[PDB]
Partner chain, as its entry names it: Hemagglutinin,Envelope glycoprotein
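Before any questions on binding or motion, here is one chain by itself as structure tokens, the form deposited without the partner chain.
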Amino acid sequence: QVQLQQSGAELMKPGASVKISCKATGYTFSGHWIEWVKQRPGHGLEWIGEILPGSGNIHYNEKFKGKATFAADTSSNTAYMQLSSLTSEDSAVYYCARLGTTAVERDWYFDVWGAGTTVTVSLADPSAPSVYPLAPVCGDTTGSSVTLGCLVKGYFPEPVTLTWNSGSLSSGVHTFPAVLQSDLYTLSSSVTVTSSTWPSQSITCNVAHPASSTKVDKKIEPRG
């Protein structure tokens, strides 16, 4: 199956440069253009440029003239984009995509996309999250179901990964988008289970913050 695999997330301080990759399988790597696109949160997609592996032909958007350059290694079926002199406005998700095969009509659309590579550029320093259990009010729980929560406060940068009971709890989960205040993020997640399931059976949120190399498990305890 035709596929584009992009490299993992990057956290860079401004002024640095970053080089992300895009491995293409399985087709004739030199028979299609590789395209590069940028998506900042709150903005539409921006076209960066394109490269034809093998021939080495390159085209770039003028808005990225001195910012992005492309390369394609035909022996490894891998395309590369490098970004120089990074600033806050370079923080975005970057997609590689294959330019569909076209004839005289010049139908220049993308027929396969990579999953994207997140680049975060900031001078704020990584901070590990505090993970806080949300147990229901000491009072009653009349209903047939009970909702528990997990509050992930004061971390940077995005993202965190949150699961419940190591992922074996997926129904009834709402993980809410993080909110930014000052230079720190806060994230909440709720899980709703049958009243007979908790507290008789344990419930734990599992939080991973790769940028700080941190993992936290918090078992939700009844308050009394």
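Shifts are known only where both forms have a C-alpha. Residue numbers count along the first chain shown, from 1. For the two forms, the rigid core is made up of the largest set of C-alpha atoms that agree within 1.5 Å on superposition.
Report the stretch with the higher mean CA temperature factor, choosing between 136-144 and 96-104 on the basis of the entry. Looking at the recorded C-alpha B-factors, 136-144 comes out higher on average.
Residue range whose averaged C-alpha B-factor is higher in the record, 197-205 or 5-13: 5-13 has the higher mean C-alpha B-factor.
Go through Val152, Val119, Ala128, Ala79 one by one and give the residue whose Cα B-factor in the PDB entry is largest. Answer for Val152, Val119, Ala128, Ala79: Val119, with the highest C-alpha B-factor.
Splitting the chain's C-alpha B-factors into thirds, which one does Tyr27 fall into? Highest third - that is where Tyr27 ends up once the chain's C-alpha B-factors are sorted.
Which third, lowest, middle or highest, does the CA B-factor of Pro159 fall in along this chain? Lowest third - that is where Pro159 ends up once the chain's C-alpha B-factors are sorted.
Can you work out whether the C-alpha temperature factor of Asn165 puts it in the lowest, middle or highest third of the chain? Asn165: CA B-factor falls in the lowest third of its chain.
Thinking about Cα B factors across the chain, which third does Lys67 belong to? As the PDB entry reports it, the C-alpha B-factor of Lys67 lands in the middle third of its chain.
Lowest, middle or highest third - CA B-factor, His174: For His174, the deposited C-alpha B-factor lands in the lowest third.
The same protein also exists as the form solved in complex with the partner chain; that form is not shown, yet it is the one meant from here on.
Among 119-127, 68-76, 83-91, 102-110, which stretch has residues whose heavy atoms lie within 4.5 Å of the partner chain in the bound PDB entry? Among the candidates, contact is made by 102-110.
For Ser55, is any heavy atom within 4.5 Å of the partner chain in the bound PDB entry, or not? Flag for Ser55 set to yes.
Is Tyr155 near the partner chain? Define near as a heavy atom within 4.5 Å, in the bound PDB entry. Result no; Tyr155 lies far from the partner chain in the bound PDB entry.
Given that the partner chain is not shown alongside this chain, does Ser30 nevertheless sit within 4.5 Å of it in the bound PDB entry, heavy atom to heavy atom? Yes, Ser30 is a contact residue.
Within 59-98, the residues that have a heavy atom no more than 4.5 Å from the partner chain in the bound PDB entry: Heavy-atom contacts within 4.5 Å come from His59 alone.
With the two forms aligned on the rigid core, which of the residues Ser88, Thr102, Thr74, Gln82 moves its CA by 2 Å or more between this form and the one not shown? Residue with a C-alpha shift of 2 Å or more: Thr102.
Requiring every Cα in the run to move by 2 Å or more, and the run to span 3 or more residues, what stretches do you find between this form and the one not shown with the rigid core held fixed? Shifted segment: only 102-105.
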